[PDB]
Structures are given as structure tokens and as C-alpha cells.
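For reference, the chain that follows is the form deposited in one PDB entry, supplied as C-alpha cells.
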């Protein structure tokens, strides 16, 4: 089907927060793009806005067209590549310390960027980080803002109030410990989750992973119990102390606190330089023959 006048809808690729993604072609421009279709019978437009607000940031997919099409709502964005999870599998589930640091530098910046635009992601995990293709193939992109919400006012930089008794709201494997306590989620939570993702890449899997549970409720309860019984020092044993520093710093932040993104990045950059690596964007998978 021909959509938005210049786009050609192709076969389905996968799916987003609440909608199905297709590989399409910007016929006039000759570029592959990704197209999400949302029944006029709702999240596309809520995202389009959060997406056109993030416009311009590195690692933020571009929105090329937004419109109605007969019985569908249409959004077109640049076609991105494999998620970090797909690539991790592709590398026999092993990432060198250099790949982990290269990703960490970019990932921390992405989260900083979003927070500067008054939003907190709330669902930071490996599948929501994809590399770019072609000219953007060396860049880590972040997706799925279905759970993203404003945490502070544009003008009075007034921070959302503090509140507890809230149900879990993302993946429980990478959720921050306070998310598990019903505490409202803020900037510190996005960074803590990124933190688990990093150790997740170094270990191959987290200690609260693959637990044994008869019911769904008991599995979530076990994950939370385990993530609270595992000290950061035990989680990070055998790996550069910097990963532990990052995690303790995150967990320590105060609800409305502003993270020191620079310190966190430098934490890793100093280690990176001590190891003698260069920020050459040469990841493990780039070495696959």
C-alpha cells in the first residue's frame, strides 16, 4: 500500500509499545524507513509528541511523517538496526570490556539527553537500545517512550511530588530497588537500570535471573527479593570497581536529586583510558567474519 503519498508500506518487522512496525520505503528519497500503524479505534500520537520533543538528539530516532491513512494513524521513523540484546546474542553472549564501555558512554548520554527534555524513560533495558544503520551504524539509539513521563515542570523546574504504593511499571529484571518499593520513579531510577544492564553485559546474566517460580506473582516477588539480597559488591565482583561505584552512586541519589552525569561518564572514561582503549566505535560484532 502507498501511504502518506511518498511511502511504500512493506512487510512487518516487529512491534512497538502498542502497534505494529513495518519496513517501508521513502520512495521519493530512496531510503528504507520504519512505519507504525495505529487503528483509528491509543499511543502513536502521544509518542509522536514525546518524539518530536526529543527531536535533534543523538541516538533519538527521527520522525519523518505523521498522519491519517484511511482507517489508520501513521508514523514513519528512520529504520534502525539490531537491539543490543540481539547483538549480545550474536557475540555468543560475551562483550569485551571495551564494547561495554563504548556502549556505556553513549547510553549514559542518551539518558542525560532525555532527562534534559523533562522526561524519565522508565523502561531502560537492552531490547530498547538499538544501533543505527548505514551512516548512523555506530550510534546507540534509544526507543519505546510508551512509559515515558514528565518528572519536572518546563518552567518552574518543579519536580513531580513524592509518592509510594505504586505498582511495578517496567521490566522487573532491570527495575530499580525503589521501583520495587512502590516509590514514584525519577531520574535516579533510569540510571540505576542502565547500571544493571551494564553488569548484565559483563556477566552474561544477572543473579536475580532465571529464578524458579510456580506463579507469575511469585516470580516477580523472588526477583525483587533477590535484587535486594545481593550487595552491589557481590554483583560486581571480578569486574572493574567503576561499575560498583556507578551503582552505589545511583542508589544513593535522593528522589528529586539531579544525577552528576559527567562524574559517571568520567568514571568509565578514566577506566577506558587506563586500559588504553580509543573511542573508535569498533564494537565486538564489527569483528564478526
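We call the rigid core the largest set of C-alpha positions that still match within 1.5 Å between the two forms. Positions refer to the first chain, counted from 1.
As for the form deposited with a partner chain bound, it is not shown, yet the points below apply to it.
Asks: Where does the partner chain sit in the bound PDB entry: which of 96 to 104, 191 to 199, 117 to 125, 152 to 160, heavy atoms within 4.5 Å?
Replies: Among the listed stretches, the partner-contacting one is 117 to 125.
Asks: May I ask you to choose, among 169, 218, 109, 205, the residue with a heavy atom within 4.5 Å of the partner chain in the bound PDB entry?
Replies: Checked against the cut-off, the match is 169.
Asks: Judged by heavy atoms and a 4.5 Å cut-off, are 147, 173 and 223 together in contact with the partner chain in the bound PDB entry?
Replies: Yes, because 147, 173 and 223 each have a heavy atom that approaches the partner chain to within 4.5 Å in the bound PDB entry.
Asks: After the core is matched up, is the C-alpha of residue 234 off by 2 Å or more between the shown form and the other one?
Replies: Shift at residue 234: below 2 Å after core fit.
Asks: When the two forms are laid on each other by their rigid core, does residue 15 show a Cα shift of 2 Å or more between the shown form and the other one?
Replies: Passes the 2 Å threshold, so yes.
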